[PDB]
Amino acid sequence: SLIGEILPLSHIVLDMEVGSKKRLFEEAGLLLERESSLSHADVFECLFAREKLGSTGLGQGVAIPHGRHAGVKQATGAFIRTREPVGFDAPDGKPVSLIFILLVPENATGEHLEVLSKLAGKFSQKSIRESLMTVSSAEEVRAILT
């Protein structure tokens, strides 16, 4: 529901050429920059402070990098489809091509676990991951993710 107001078409990338996970994270800071009240450097540190604890990869080419910060007052996200898979240090050893990033304010945690939990559910389905890997438009991506 709120996933829709959090993922506009302007926050979706369909064919990003990226070589490293570090690179992927830098590009994310840029996408979520300022519209989150934070500089891309701060958005980056926030996502990496968490990735530090361990890979946010869910297994099977999917991942959900995320972070919280007192400066964020409204949840915001983005979706990335890589041209080539990226070594994500995932739980099953396979690289990732589908990345959903989420930046949340530091307040309504419980509600956030909901968004993450629901998303993971969608990603656990083979046919959903297969669609996200073939659809041509960003609108199709949104339709599937919602």
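Heads up: residue numbers just count along the shown sequence, starting at 1.
Legend: mean Cα B-factor per stretch from the PDB entry, 88-96 versus 116-124; the higher mean is in 116-124.
Just going by the entry, 102-110 versus 48-56 on mean CA temperature factor gives the higher value to 102-110. In the deposited entry, the Cα temperature factor of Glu140 places it in the middle third of its chain's modelled residues. Split the chain's modelled residues into thirds by C-alpha temperature factor. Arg81 is in the middle one. When all modelled residues of the chain are sorted by CA temperature factor, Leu9 is found within the middle third. Split the chain's modelled residues into thirds by C-alpha temperature factor. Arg68 is in the lowest one.
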